Every structure is written in structure tokens, then in C-alpha cells.
Amino acid sequence: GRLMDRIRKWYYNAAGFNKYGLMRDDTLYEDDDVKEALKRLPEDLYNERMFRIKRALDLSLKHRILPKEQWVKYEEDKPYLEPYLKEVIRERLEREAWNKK
Amino acid sequence: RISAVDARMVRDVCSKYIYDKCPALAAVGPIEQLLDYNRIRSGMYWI
Amino acid sequence: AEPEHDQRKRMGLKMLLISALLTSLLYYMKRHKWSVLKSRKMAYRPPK
Amino acid sequence: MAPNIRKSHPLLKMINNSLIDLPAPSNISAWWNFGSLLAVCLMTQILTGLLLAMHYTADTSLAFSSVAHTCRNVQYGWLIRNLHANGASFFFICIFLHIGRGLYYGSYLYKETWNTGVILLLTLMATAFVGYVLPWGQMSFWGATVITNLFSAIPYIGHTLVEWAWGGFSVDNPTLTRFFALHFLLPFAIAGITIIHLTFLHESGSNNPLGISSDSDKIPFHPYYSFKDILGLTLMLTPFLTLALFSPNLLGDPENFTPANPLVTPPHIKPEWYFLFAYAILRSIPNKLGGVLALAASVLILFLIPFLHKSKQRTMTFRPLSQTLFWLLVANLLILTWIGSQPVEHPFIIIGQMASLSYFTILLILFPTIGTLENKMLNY
Amino acid sequence: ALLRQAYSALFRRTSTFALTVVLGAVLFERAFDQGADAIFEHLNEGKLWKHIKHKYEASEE
Ligand code: HEM
Ligand code: HEM
Ligand SMILES: CO/N=C(/C(=O)OC)c1ccccc1COc1cc(C)c(I)cc1C
């Protein structure tokens with residue numbers, strides 16, 4: 001049944017980064033993979049992610065959040081970077097394994 | 001009116017309108033290096 | 001045991017008064033400068 | 001060179017490029033003030049310490065009285081003395097929040113900046129340790145005794161590493177004199193290393209409460225953080241001075257107003273508040289050696305934090321699970337501190353080993369685990 | 001309007017601003033001390049030596 005869904009949706013609301021208007025992927029720590037990934041994002045998606053963040057920072061400095069209306073909703077969160085990120089990791093795991101070879 | 005102006009006059013007039021005033025600023029483009037109104041505001045005083 | 005007892009408490013007093021006065025002022029000053037970021041507004045304007 | 005003599009000068013360029021035109025995140029909070037306090041705090045100890053060292057006599061026959069003389073006869077000596085001893089506390093308080101902050105917001109991901117911090121902590125600990133022996137009071141002596149006596153539990157090179165540190169057979173003048181020297185020295189080592197710490201830091205720049213690129217919005221250190229830090233200074237400095245000027249000994253053990261005497265072991269030998277937590281974990285493992293290792297690792301564990309980060313996000317801002325675990329740990333530490341101030345008797349003994357047990361578990365097993373589990377809940 | 005007077009007179013010219021701080025600190029000290037001692041002493045009537053002093057000062061042996 002829908003347990004995993006209930007949970008995920010819960011934890012999602014629990015974390016509460018949407019309160020800042022951030023997407024899940026907007027919060028990823030920028031390790032090496034994530035870094036390559038972002039470099040592959042289309043000009044627009046990248047600028048949109050950029051503003052989203054700078055917005056959230058200005059909020060954190062102000063010690064505020066977005067009004068309930070603007071919070072990102074669990075199912076309207078677009079996972080824009082994950083497709084790319086997984087590839088970057090695929091490519092690497094390939095290279096990685098191939099060099100031990 | 002122009003021959004009436006002397007250094008002393010220029011200083012007093014510029015001080016009058018420039019010194020310690022809070023200015024308006026318009027920046028367009030790759031402006032990351034220019035920054036902080038505060039810093040710019042403090043550039044409004046002391047030689 | 002603590003001959004200074006008295007002067008030390010007279011000092012503690014002056015310390016609070018000044019401390020109070022100063023923390024207040026500095027709070028204002030801190031707030032005054034940051035006001036530029038606190039009030040600050042921003043919009044995203046793609047060339048759609 | 002360049003237009004303004006701030007960025008061209010080989011020194012003003014240093015003061016400037018690390019405290020004025022220095023790029024700082026627009027949102028770093030109050031938990032970022034401790035770095036400067038720690039710094040300030042340091043300069044202050046060294047200053048008060050020098051002033052005290054100018055009236056101190058490192059000799060078992062005059063140690064206790066030289067201090068008393070300093071308080072009773074030296075102009076404002078009594079004051080300087082307070083500030084120094086209490087400054088040690090402010091220092092630790094500050095350093096523990098500095099650490100906490102780092103743990104919570106994943107600052108430790110800045111590995112070098114972090115490891116140097118750990119080294120800073122360790123050096124600071126040694127420093128207060130030797131410093132405490134200087135007034136040569138009962139606790140000073142027995143504290144020195146209890147602790148240094150642990151090394152004899154190391155194998156083979158044990159009983160020797162000790163009769164070497166003491167410079168004799170028991171804690172005596174030979175030890176006192178080298179401890180004064182050591183204490184006079186370490187603070188500089190600290191300052192030194194503190195430079196390195198800030199250097200590695202500047203490579204990456206300050207992390208920030210959200211844990212996402214703050215290049216999108218950076219501000220000049222001055223005036224933002226100059227002012228913000230100075231405020232933080234006064235805010236903290238107020239209680240420090242309050243405690244130091246109204247309740248001078250709220251923290252100090254009274255047994256240290258009694259000249260050290262080797263023919264009288266005090267009832268309860270316990271460290272200043274800032275060591276209690278470690279004193280507790282020390283006594284949790286009843287086996288001179290095991291207890292030592294357990295103490296050792298209670299602090300050396302910090303070197304592992306970086307490798308135990310499993311979250312896909314840097315900070316705990318968006319990880320409610322880690323948060324409570326984090327606050328559990330914090331509380332876990334209060335309990336350990338409380339236990340350290342208590343005698344070795346039930347219920348304390350059991351409560352003691354428990355906290356100890358949890359302490360290592362939380363940092364070695366839980367945190368890493370909950371973090372993994374958390375990633376899965378984000379569907380990552 | 002004092003604020004304006006104060007601004008133009010003292011706070012505008014960075015040199016007079018510092019001059020104000022100096023003379024200002026001087027006056028502030030003198031008064032802040034007096035008032036505080038006064039508060040402290042009053043708060044401790046007859047407990048200080050300053051008080052009981054007369055009983056042995058030139059009136060004994
Ligand atoms: C007495 C020695 C120390 C001094 C004087 C000191 C000073 C500083 C200063 C000035 C900062 C920058 C401002 C701030 O974020 O607080 C800083 C940052 C930092 N310090 Fe220390 N520090 C000390 C000890 C430590 C310790 C014990 C650790 C942890 C084991 C540590 C870990 C860090 C880290 C990770 C940063 C990055 C902060 C961030 O941006 O997230 N420091 N420190
Ligand atoms: C890292 C900074 C320092 C720390 C953490 C520190 C800590 C301490 C501590 C805990 C004591 C025992 C205080 C007491 O309770 O009586 C002490 C004493 C002393 N310290 Fe320091 N100290 C520092 C720096 C210095 C420096 C640089 C000097 C001078 C060169 C110095 C000189 C002394 C002297 C003379 C005493 C003996 C007087 C006394 O017992 O108060 N200290 N210090
Ligand atoms: C010389 O003893 N100094 C003591 C002190 O509290 O100094 C501030 C002291 C006094 C009584 C008992 C134990 C100590 C030192 O104990 C220490 C010392 C260090 C370094 C650590 I890590 C951990 C503990 C538990």
C-alpha cells in the first residue's frame with residue numbers, strides 16, 4: 001500500500017526546504033558529481049535554480065520564509081538535476097571500474 | 001557667472017551637494033565585483 | 001579572604017551600566033547597517 | 001601597483017583580504033560569531049596571563065603565595081587574576097559552541113579547516129591543564145597527580161613516560177617549573193596554528209546555515225560582520241564579566257584555596273566544568289588503561305566526523321531526524337558533565353557508563369545511519 | 001533642531017566628530033563615575049569606612 005508515499009510526503013514536509021521555495025535538488029550538497037551535473041543544466045533551468053537559491057539566502061539572512069501559499073508542494077517539486085547527476089555517476093563508475101581493469 | 005567661480009567656491013558647493021549624502025545607484029550587467037551600498041555610502045566622505 | 005570585595009562590587013555596577021548602554025548602541029548600529037539587506041527586495045526577470 | 005594601497009601593500013592587503021574585502025555569505029548567523037570571539041578570547045588570555053606571569057613565582061614554596069600576593073598586593077592584580085581564570089571558561093564555552101555549530105551545519109566538510117580546529121582544541125586543553133597546576137592549591141596538585149598518573153597505564157613505555165613528565169617520582173617542584181614554561185608557551189602555539197586554521201578556511205570561504213552555494217549572494221566582511229561580531233562580543237562579554245565580577249568563584253573548587261599537600265587526598269577530585277564530561281567517560285571504563293583510551297577517543301573522535309557524513313545535504317537544517325539526534329547528543333553531554341561532578345557510586349556509576357556508551361554510539365553508529373535512511377526518505 | 005545642529009556642527013566633519021568623542025568621553029567619565037559612586041554609596045549607608053570614620057578620626061585617646 002501507500003506507506004512509502006505517506007512517509008516520503010511526510011519527511012518532505014518535515015524537512016521544510018519548500019518553506020524557502022527550494023526544490024529538493026536545490027538543497028544537494030555540491031560534491032564533485034553534483035558539480036559536473038549542474039554544468040550540464042540548460043541555461044534556463046540553471047538560472048531558475050540560481051535565483052531560487054539566492055532567494056532562499058536572502059530569506060535566511062532576514063530570518064523569514066515564504067508565505068504558506070508559495071511553499072513548494074511535495075508533488076510539484078521538479079527533480080531537475082537527478083537525471084543528470086545519475087549519468088555523471090554512471091560515467092564515473094564506468095571510468096572508475098575500467099581503470100582498475 | 002563662470003569667472004565668478006574660484007576653487008574655494010567649488011569646494012563649498014560640492015560639499016553642499018555631495019559630501020555625506022546618500023546617493024542613488026544604478027548597476028546593470030556583470031556587476032558582481034562592485035558591491036555593497038554601505039561601502040559605496042561610506043565613499044561619500046573623508047578626502 | 002577578599003579585601004577587594006567592596007571595590008569589586010562597585011566595579012560590577014559601573015560594568016553593568018556601561019555594558020547596558022553600550023550593548024544598546026551597538027545593537028542599533030548593527031541593525032542600522034544590516035537594514036540595507038534586511039529591507040532589500042529582489043525579482044527574477046528572465047527575458048521570456 | 002594598484003589604485004588603493006589596501007590591496008597592493010604586502011600587509012594591508014592581508015588585513016584587507018581577510019577582514020574587510022573578505023567575501024562572506026549574506027546569511028551566516030550568530031553561530032558564526034564564535035570564531036572571532038575565540039580569537040579575541042585568545043588574545044585576552046595571553047594578555048592577562050602575561051600580566052600575571054609578571055608576579056608569579058614558579059616554585060612549590062612560593063607558588064601559592066605569589067598568586068595570593070598578586071591578588072592582595074598588585075594593583076588590580078585581583079581583577080586580572082579573575083579575568084584570566086574566568087577567561088579560560090569563556091574560552092571553552094566559546095569553543096564548544098564553535099564546535100557544535102560546526103557539527104550541526106557540516107562545517108567539518110572543510111577537512112583541513114576542521115582538523116586544525118581539532119588540533120586547536122587539543123592544544124587549548126593541554127594549556128588549561130598545565131595552567132591549573134600553577135596556583136599549586138589542593139586541586140591543582142591532585143588534578144596534576146590523578147591525570148599524569150594515567151600514563152603509567154600505557155604498556156612498557158608507561159612507567160617511564162611518567163617519571164619523565166614529572167621530572168621525578170611524584171608531582172613536585174620539577175613538574176611545576178616545566179608546567180609554567182609549557183603554559184607560557186602553548187598559547188603562542190595556539191595563536192600560531194589559529195593563523196593556519198583561518199588560512200585553510202579562506203581557501204573555501206565560510207559555509208552557511210543553509211548549506212548551498214552562497215556565491216549567489218556574498219557581502220564584504222566589513223561592515224556587516226565587523227559590526228555583527230563586535231555586537232556578539234559585547235553580548236557574550238556581559239555575562240562573562242557579570243559572573244566574574246559578582247560571583248567570582250561560582251565555578252572554582254574551594255579545595256584550591258588550601259595549599260597543595262601530598263599527605264591529604266581530597267574527598268572528591270574533580271576538574272573544572274569544561275573537563276567534567278571527559279572525566280566521566282574516563283571513569284566509565286574501570287581499567288586504568290581502557291579508561292584512558294576511552295578518554296583519549298572521547299576527544300580524538302572529532303577527527304572522524306568528516307568520514308561519517310552520509311547525508312546528501314550539508315547541514316541539518318532540513319533533516320529533522322538528525323536534529324533531534326544532534327540535540328540528544330548535546331543533552332547526552334550535559335548528563336556526562338553532571339556525572340563527572342558526582343562521586344563514583346550508584347546510581348551515578350551506571351548512569352555514567354550509559355551516557356558514555358550512547359556518546360560513541362550516536363557519533364559512530366546513529367548519525368551515519370540516520371543520515372543514510374534520511375537520504376532514502378528524500379528518494380535519493 | 002538639535003539633531004541638525006549636532007550633525008552639521010559635530011558629526012559631519014570627521015575631524016570634529018573625533019573631537020566630540022574625546023571631549024565627550026571626558027565629560028561622560030566625570031559624571032558617570034560620580035553618579036555611580038553616589039549610587040553605590042547611598043546603597044550602603046553607614047557601612048563604609050567613609051561613614052563610620054568620624055568615630056575614631058581625631059576623637060579618641
Ligand atoms: C581557539 C581556536 C579557534 C579559533 C580562534 C577559531 C577561529 C575560527 C574563525 C575566526 C572562524 C570563522 C568564523 C566562524 O565561523 O566562527 C572559524 C571557522 C571554523 N572553525 Fe574554528 N576556530 C578555533 C577552533 C576550532 C575548532 C576546535 C574547530 C572544530 C573541531 C574549528 C572548526 C572550524 C570550522 C569547520 C570553521 C568553518 C566555519 C564555517 O564557515 O562553517 N575551529 N574558526
Ligand atoms: C590559551 C590561553 C590560556 C589559557 C586557556 C589559560 C588558562 C589558565 C588556567 C586555567 C589557569 C589556572 C587559573 C586559576 O584558576 O587559578 C591559569 C593560570 C595562569 N596562567 Fe594562564 N592561561 C592561558 C594563557 C596564559 C599565558 C599566555 C600566560 C602568560 C605568559 C599565562 C600565565 C598564567 C599564570 C601566571 C597563571 C598562574 C596564576 C593563576 O593561577 O591565576 N596564562 N591559566
Ligand atoms: C591539573 O589538573 N587540572 C585540572 C583542571 O580541571 O584543569 C582545568 C583537573 C583537576 C582535578 C581533576 C582532573 C583535572 C584534569 O582532568 C582532565 C584534564 C584534561 C587535560 C582532560 I582532556 C580531561 C580531564 C578529565
# chains A, B, ... in the order shown; residues from 1 in each chain; ligands from 1
$ residues_near_ligand --ligand "ligand 3" --cutoff "9 Å" --atoms "only C-alpha atoms and all ligand atoms" --output "PDB file with N, CA, C and O atoms, in the first residue's frame"
ATOM      1  N   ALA D  88      39.363  31.542  30.874  1.00  0.00           N
ATOM      2  CA  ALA D  88      39.545  30.174  30.443  1.00  0.00           C
ATOM      3  C   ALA D  88      38.159  29.583  30.141  1.00  0.00           C
ATOM      4  O   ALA D  88      37.961  28.906  29.120  1.00  0.00           O
ATOM      5  N   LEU D 122      42.685  20.510  21.201  1.00  0.00           N
ATOM      6  CA  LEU D 122      43.638  19.723  21.957  1.00  0.00           C
ATOM      7  C   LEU D 122      44.673  20.629  22.610  1.00  0.00           C
ATOM      8  O   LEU D 122      44.912  20.540  23.817  1.00  0.00           O
ATOM      9  N   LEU D 124      44.487  23.782  23.331  1.00  0.00           N
ATOM     10  CA  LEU D 124      43.844  24.563  24.377  1.00  0.00           C
ATOM     11  C   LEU D 124      43.660  23.728  25.642  1.00  0.00           C
ATOM     12  O   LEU D 124      43.920  24.209  26.753  1.00  0.00           O
ATOM     13  N   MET D 125      43.225  22.478  25.477  1.00  0.00           N
ATOM     14  CA  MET D 125      43.008  21.617  26.636  1.00  0.00           C
ATOM     15  C   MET D 125      44.277  21.430  27.455  1.00  0.00           C
ATOM     16  O   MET D 125      44.267  21.581  28.683  1.00  0.00           O
ATOM     17  N   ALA D 126      45.372  21.109  26.777  1.00  0.00           N
ATOM     18  CA  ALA D 126      46.643  20.922  27.457  1.00  0.00           C
ATOM     19  C   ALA D 126      46.976  22.196  28.229  1.00  0.00           C
ATOM     20  O   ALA D 126      47.353  22.158  29.403  1.00  0.00           O
ATOM     21  N   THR D 127      46.811  23.328  27.553  1.00  0.00           N
ATOM     22  CA  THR D 127      47.103  24.637  28.126  1.00  0.00           C
ATOM     23  C   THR D 127      46.406  24.895  29.468  1.00  0.00           C
ATOM     24  O   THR D 127      47.059  25.240  30.469  1.00  0.00           O
ATOM     25  N   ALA D 128      45.084  24.723  29.497  1.00  0.00           N
ATOM     26  CA  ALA D 128      44.334  24.933  30.736  1.00  0.00           C
ATOM     27  C   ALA D 128      44.773  23.880  31.763  1.00  0.00           C
ATOM     28  O   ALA D 128      44.813  24.131  32.968  1.00  0.00           O
ATOM     29  N   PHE D 129      45.131  22.698  31.285  1.00  0.00           N
ATOM     30  CA  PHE D 129      45.566  21.676  32.205  1.00  0.00           C
ATOM     31  C   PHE D 129      46.776  22.119  33.010  1.00  0.00           C
ATOM     32  O   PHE D 129      46.753  22.096  34.238  1.00  0.00           O
ATOM     33  N   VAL D 130      47.842  22.513  32.314  1.00  0.00           N
ATOM     34  CA  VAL D 130      49.065  22.959  32.979  1.00  0.00           C
ATOM     35  C   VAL D 130      48.806  24.247  33.745  1.00  0.00           C
ATOM     36  O   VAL D 130      49.317  24.436  34.859  1.00  0.00           O
ATOM     37  N   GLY D 131      48.014  25.133  33.152  1.00  0.00           N
ATOM     38  CA  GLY D 131      47.717  26.370  33.839  1.00  0.00           C
ATOM     39  C   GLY D 131      47.117  26.142  35.219  1.00  0.00           C
ATOM     40  O   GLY D 131      47.487  26.814  36.180  1.00  0.00           O
ATOM     41  N   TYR D 132      46.200  25.179  35.316  1.00  0.00           N
ATOM     42  CA  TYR D 132      45.525  24.874  36.575  1.00  0.00           C
ATOM     43  C   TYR D 132      46.478  24.444  37.678  1.00  0.00           C
ATOM     44  O   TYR D 132      46.188  24.624  38.854  1.00  0.00           O
ATOM     45  N   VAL D 133      47.612  23.871  37.308  1.00  0.00           N
ATOM     46  CA  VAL D 133      48.571  23.433  38.307  1.00  0.00           C
ATOM     47  C   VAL D 133      49.338  24.597  38.933  1.00  0.00           C
ATOM     48  O   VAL D 133      49.766  24.527  40.088  1.00  0.00           O
ATOM     49  N   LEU D 134      49.499  25.671  38.177  1.00  0.00           N
ATOM     50  CA  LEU D 134      50.272  26.815  38.647  1.00  0.00           C
ATOM     51  C   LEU D 134      49.997  27.414  40.036  1.00  0.00           C
ATOM     52  O   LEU D 134      50.940  27.710  40.769  1.00  0.00           O
ATOM     53  N   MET D 139      43.593  21.122  44.685  1.00  0.00           N
ATOM     54  CA  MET D 139      43.076  20.551  43.451  1.00  0.00           C
ATOM     55  C   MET D 139      44.143  20.599  42.380  1.00  0.00           C
ATOM     56  O   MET D 139      44.307  19.641  41.629  1.00  0.00           O
ATOM     57  N   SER D 140      44.889  21.697  42.330  1.00  0.00           N
ATOM     58  CA  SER D 140      45.958  21.842  41.352  1.00  0.00           C
ATOM     59  C   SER D 140      46.875  20.638  41.418  1.00  0.00           C
ATOM     60  O   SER D 140      47.175  19.992  40.413  1.00  0.00           O
ATOM     61  N   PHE D 141      47.318  20.343  42.629  1.00  0.00           N
ATOM     62  CA  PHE D 141      48.223  19.235  42.851  1.00  0.00           C
ATOM     63  C   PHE D 141      47.633  17.883  42.519  1.00  0.00           C
ATOM     64  O   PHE D 141      48.177  17.139  41.719  1.00  0.00           O
ATOM     65  N   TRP D 142      46.513  17.560  43.143  1.00  0.00           N
ATOM     66  CA  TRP D 142      45.905  16.272  42.906  1.00  0.00           C
ATOM     67  C   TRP D 142      45.380  16.101  41.497  1.00  0.00           C
ATOM     68  O   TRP D 142      45.369  14.987  40.983  1.00  0.00           O
ATOM     69  N   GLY D 143      44.964  17.191  40.861  1.00  0.00           N
ATOM     70  CA  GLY D 143      44.496  17.077  39.490  1.00  0.00           C
ATOM     71  C   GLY D 143      45.698  16.638  38.662  1.00  0.00           C
ATOM     72  O   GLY D 143      45.645  15.682  37.857  1.00  0.00           O
ATOM     73  N   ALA D 144      46.804  17.349  38.880  1.00  0.00           N
ATOM     74  CA  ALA D 144      48.049  17.045  38.197  1.00  0.00           C
ATOM     75  C   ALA D 144      48.347  15.568  38.465  1.00  0.00           C
ATOM     76  O   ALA D 144      48.621  14.801  37.545  1.00  0.00           O
ATOM     77  N   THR D 145      48.256  15.166  39.728  1.00  0.00           N
ATOM     78  CA  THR D 145      48.518  13.785  40.111  1.00  0.00           C
ATOM     79  C   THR D 145      47.640  12.771  39.403  1.00  0.00           C
ATOM     80  O   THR D 145      48.130  11.922  38.666  1.00  0.00           O
ATOM     81  N   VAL D 146      46.340  12.845  39.648  1.00  0.00           N
ATOM     82  CA  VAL D 146      45.393  11.928  39.028  1.00  0.00           C
ATOM     83  C   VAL D 146      45.656  11.688  37.549  1.00  0.00           C
ATOM     84  O   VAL D 146      45.887  10.558  37.124  1.00  0.00           O
ATOM     85  N   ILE D 147      45.601  12.774  36.782  1.00  0.00           N
ATOM     86  CA  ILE D 147      45.785  12.740  35.343  1.00  0.00           C
ATOM     87  C   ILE D 147      47.123  12.225  34.849  1.00  0.00           C
ATOM     88  O   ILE D 147      47.162  11.254  34.095  1.00  0.00           O
ATOM     89  N   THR D 148      48.218  12.869  35.243  1.00  0.00           N
ATOM     90  CA  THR D 148      49.531  12.418  34.786  1.00  0.00           C
ATOM     91  C   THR D 148      49.742  10.952  35.164  1.00  0.00           C
ATOM     92  O   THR D 148      50.405  10.205  34.444  1.00  0.00           O
ATOM     93  N   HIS D 268      36.741  14.576  47.003  1.00  0.00           N
ATOM     94  CA  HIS D 268      36.362  14.397  45.613  1.00  0.00           C
ATOM     95  C   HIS D 268      37.193  15.231  44.664  1.00  0.00           C
ATOM     96  O   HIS D 268      37.028  16.455  44.594  1.00  0.00           O
ATOM     97  N   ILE D 269      38.085  14.560  43.939  1.00  0.00           N
ATOM     98  CA  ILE D 269      38.945  15.233  42.990  1.00  0.00           C
ATOM     99  C   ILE D 269      38.199  15.337  41.687  1.00  0.00           C
ATOM    100  O   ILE D 269      37.913  14.323  41.066  1.00  0.00           O
ATOM    101  N   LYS D 270      37.869  16.552  41.275  1.00  0.00           N
ATOM    102  CA  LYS D 270      37.171  16.741  40.010  1.00  0.00           C
ATOM    103  C   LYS D 270      37.653  18.010  39.319  1.00  0.00           C
ATOM    104  O   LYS D 270      37.968  18.997  39.978  1.00  0.00           O
ATOM    105  N   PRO D 271      37.726  17.997  37.976  1.00  0.00           N
ATOM    106  CA  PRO D 271      38.174  19.123  37.158  1.00  0.00           C
ATOM    107  C   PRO D 271      37.190  20.270  37.067  1.00  0.00           C
ATOM    108  O   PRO D 271      36.091  20.202  37.622  1.00  0.00           O
ATOM    109  N   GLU D 272      37.596  21.333  36.382  1.00  0.00           N
ATOM    110  CA  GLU D 272      36.713  22.470  36.184  1.00  0.00           C
ATOM    111  C   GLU D 272      35.600  21.962  35.280  1.00  0.00           C
ATOM    112  O   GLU D 272      35.761  20.958  34.591  1.00  0.00           O
ATOM    113  N   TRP D 273      34.478  22.659  35.253  1.00  0.00           N
ATOM    114  CA  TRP D 273      33.367  22.191  34.452  1.00  0.00           C
ATOM    115  C   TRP D 273      33.708  21.680  33.053  1.00  0.00           C
ATOM    116  O   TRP D 273      33.209  20.619  32.637  1.00  0.00           O
ATOM    117  N   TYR D 274      34.571  22.406  32.342  1.00  0.00           N
ATOM    118  CA  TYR D 274      34.917  22.049  30.969  1.00  0.00           C
ATOM    119  C   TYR D 274      35.691  20.765  30.705  1.00  0.00           C
ATOM    120  O   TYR D 274      36.032  20.483  29.557  1.00  0.00           O
ATOM    121  N   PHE D 275      35.953  19.986  31.748  1.00  0.00           N
ATOM    122  CA  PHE D 275      36.672  18.721  31.603  1.00  0.00           C
ATOM    123  C   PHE D 275      35.812  17.592  32.154  1.00  0.00           C
ATOM    124  O   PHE D 275      36.057  16.416  31.874  1.00  0.00           O
ATOM    125  N   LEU D 276      34.808  17.965  32.948  1.00  0.00           N
ATOM    126  CA  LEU D 276      33.884  17.010  33.569  1.00  0.00           C
ATOM    127  C   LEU D 276      33.437  15.927  32.594  1.00  0.00           C
ATOM    128  O   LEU D 276      33.641  14.732  32.825  1.00  0.00           O
ATOM    129  N   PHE D 277      32.838  16.350  31.491  1.00  0.00           N
ATOM    130  CA  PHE D 277      32.381  15.397  30.505  1.00  0.00           C
ATOM    131  C   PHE D 277      33.432  14.313  30.230  1.00  0.00           C
ATOM    132  O   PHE D 277      33.104  13.135  30.189  1.00  0.00           O
ATOM    133  N   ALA D 278      34.694  14.702  30.069  1.00  0.00           N
ATOM    134  CA  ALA D 278      35.757  13.733  29.782  1.00  0.00           C
ATOM    135  C   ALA D 278      36.183  12.915  31.004  1.00  0.00           C
ATOM    136  O   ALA D 278      36.635  11.765  30.893  1.00  0.00           O
ATOM    137  N   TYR D 279      36.051  13.538  32.168  1.00  0.00           N
ATOM    138  CA  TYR D 279      36.388  12.897  33.429  1.00  0.00           C
ATOM    139  C   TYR D 279      35.405  11.750  33.637  1.00  0.00           C
ATOM    140  O   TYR D 279      35.761  10.689  34.153  1.00  0.00           O
ATOM    141  N   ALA D 280      34.164  11.976  33.211  1.00  0.00           N
ATOM    142  CA  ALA D 280      33.104  10.988  33.341  1.00  0.00           C
ATOM    143  C   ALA D 280      33.367   9.768  32.471  1.00  0.00           C
ATOM    144  O   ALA D 280      33.283   8.624  32.938  1.00  0.00           O
ATOM    145  N   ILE D 281      33.692  10.011  31.208  1.00  0.00           N
ATOM    146  CA  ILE D 281      33.949   8.917  30.294  1.00  0.00           C
ATOM    147  C   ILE D 281      35.190   8.177  30.738  1.00  0.00           C
ATOM    148  O   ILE D 281      35.350   6.999  30.442  1.00  0.00           O
ATOM    149  N   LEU D 282      36.062   8.869  31.458  1.00  0.00           N
ATOM    150  CA  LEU D 282      37.297   8.258  31.928  1.00  0.00           C
ATOM    151  C   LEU D 282      37.009   7.205  32.961  1.00  0.00           C
ATOM    152  O   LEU D 282      37.609   6.133  32.963  1.00  0.00           O
ATOM    153  N   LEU D 295      39.015   7.982  27.228  1.00  0.00           N
ATOM    154  CA  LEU D 295      39.099   9.419  27.365  1.00  0.00           C
ATOM    155  C   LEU D 295      39.717   9.925  26.082  1.00  0.00           C
ATOM    156  O   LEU D 295      39.189  10.817  25.427  1.00  0.00           O
ATOM    157  N   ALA D 296      40.851   9.341  25.728  1.00  0.00           N
ATOM    158  CA  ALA D 296      41.556   9.722  24.519  1.00  0.00           C
ATOM    159  C   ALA D 296      40.570   9.869  23.380  1.00  0.00           C
ATOM    160  O   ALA D 296      40.384  10.950  22.834  1.00  0.00           O
ATOM    161  N   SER D 298      37.416  10.068  23.336  1.00  0.00           N
ATOM    162  CA  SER D 298      36.253  10.929  23.534  1.00  0.00           C
ATOM    163  C   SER D 298      36.491  12.255  22.827  1.00  0.00           C
ATOM    164  O   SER D 298      35.547  12.939  22.439  1.00  0.00           O
ATOM    165  N   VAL D 299      37.760  12.615  22.667  1.00  0.00           N
ATOM    166  CA  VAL D 299      38.110  13.858  22.011  1.00  0.00           C
ATOM    167  C   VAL D 299      38.655  13.592  20.617  1.00  0.00           C
ATOM    168  O   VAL D 299      38.308  14.284  19.668  1.00  0.00           O
ATOM    169  N   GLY D 340      30.318  13.702  35.781  1.00  0.00           N
ATOM    170  CA  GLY D 340      31.705  13.984  36.129  1.00  0.00           C
ATOM    171  C   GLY D 340      31.878  14.695  37.458  1.00  0.00           C
ATOM    172  O   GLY D 340      32.899  14.553  38.130  1.00  0.00           O
TER     173      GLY D 340
END
$ interface_residues --of "chain C" --to "chain B" --cutoff "10 Å" --atoms "only C-alpha atoms" --output "MDAnalysis selection string"
chainID C and resid 33:37
$ write_last_selection --atoms "N, CA and C atoms" --output "PDB file, in the first residue's frame"
ATOM      1  N   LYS C  33      23.156  49.224   9.828  1.00  0.00           N
ATOM      2  CA  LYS C  33      23.915  48.815   8.653  1.00  0.00           C
ATOM      3  C   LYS C  33      23.195  47.680   7.915  1.00  0.00           C
ATOM      4  N   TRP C  34      22.858  46.617   8.639  1.00  0.00           N
ATOM      5  CA  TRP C  34      22.182  45.486   8.014  1.00  0.00           C
ATOM      6  C   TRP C  34      20.829  45.862   7.410  1.00  0.00           C
ATOM      7  N   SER C  35      20.245  46.965   7.877  1.00  0.00           N
ATOM      8  CA  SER C  35      18.960  47.419   7.355  1.00  0.00           C
ATOM      9  C   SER C  35      18.916  47.328   5.812  1.00  0.00           C
ATOM     10  N   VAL C  36      20.045  47.625   5.179  1.00  0.00           N
ATOM     11  CA  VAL C  36      20.181  47.580   3.732  1.00  0.00           C
ATOM     12  C   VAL C  36      19.881  46.208   3.148  1.00  0.00           C
ATOM     13  N   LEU C  37      20.199  45.153   3.899  1.00  0.00           N
ATOM     14  CA  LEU C  37      19.962  43.777   3.448  1.00  0.00           C
ATOM     15  C   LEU C  37      18.638  43.284   3.957  1.00  0.00           C
TER      16      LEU C  37
END
$ residues_near_ligand --ligand "ligand 1" --cutoff "8 Å" --atoms "only C-alpha atoms and all ligand atoms" --output "VMD selection string"
chain D and resid 28 31 to 42 91 95 to 96 98 to 99 101 to 102 105 to 111 113 to 122 124 190 to 191 194 197 to 198 201 205 to 208 302 to 303
$ residues_around --residues "residue 85 in chain A" --least-positions-apart "2" --cutoff "7 Å" --atoms "only C-alpha atoms" --output "number ranges by chain"
A: 33-34, 37, 81-83, 87-89
$ select_by_dssp --residues "chain B" --states "alpha helix (DSSP H)" --output "list in words"
residues 7, 8, 9, 10, 11, 12, 13, 14, 15, 16, 17, 37, 38, 39, 40, 41 and 42 of chain B
$ atom_distance --atom1 "CA of residue 61 in chain A" --atom2 "CA of residue 26 in chain D"
6.2 Å
$ atom_distance --atom1 "atom 34 (C, counted along the ligand's line) of ligand 2" --atom2 "CA of residue 62 in chain D"
13.3 Å
$ interface_residues --of "chain B" --to "chain E" --cutoff "12 Å" --atoms "only C-alpha atoms" --output "list in words"
residues 15, 16, 19, 20, 21, 42, 44, 45, 46 and 47 of chain B
$ decode --residues "range 1-13 of chain B" --atoms "N, CA and C atoms" --output "tab-separated table (two decimals), in the first residue's frame"
chain	number	residue	atom	x	y	z
B	1	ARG	N	29.22	84.70	-14.63
B	1	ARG	CA	28.90	83.72	-13.60
B	1	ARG	C	29.98	82.66	-13.48
B	2	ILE	N	30.64	82.40	-14.60
B	2	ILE	CA	31.70	81.42	-14.64
B	2	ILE	C	33.01	82.01	-14.14
B	3	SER	N	33.27	83.28	-14.43
B	3	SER	CA	34.51	83.89	-13.98
B	3	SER	C	34.43	84.18	-12.49
B	4	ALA	N	33.22	84.04	-11.94
B	4	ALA	CA	32.97	84.28	-10.52
B	4	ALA	C	33.44	83.11	-9.65
B	5	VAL	N	33.44	81.92	-10.24
B	5	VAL	CA	33.83	80.70	-9.55
B	5	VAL	C	35.32	80.59	-9.29
B	6	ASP	N	35.66	80.24	-8.06
B	6	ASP	CA	37.04	80.04	-7.65
B	6	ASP	C	37.07	78.70	-6.93
B	7	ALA	N	38.26	78.14	-6.73
B	7	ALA	CA	38.35	76.85	-6.05
B	7	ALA	C	37.44	76.86	-4.83
B	8	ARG	N	37.77	77.72	-3.87
B	8	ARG	CA	37.01	77.85	-2.62
B	8	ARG	C	35.49	77.72	-2.84
B	9	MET	N	34.99	78.31	-3.92
B	9	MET	CA	33.57	78.27	-4.24
B	9	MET	C	33.13	76.86	-4.64
B	10	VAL	N	33.96	76.19	-5.43
B	10	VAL	CA	33.67	74.84	-5.89
B	10	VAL	C	33.60	73.87	-4.73
B	11	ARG	N	34.54	73.99	-3.81
B	11	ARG	CA	34.55	73.11	-2.66
B	11	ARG	C	33.28	73.27	-1.86
B	12	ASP	N	32.96	74.50	-1.50
B	12	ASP	CA	31.76	74.71	-0.72
B	12	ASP	C	30.47	74.21	-1.39
B	13	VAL	N	30.38	74.36	-2.71
B	13	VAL	CA	29.18	73.93	-3.45
B	13	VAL	C	29.08	72.41	-3.59
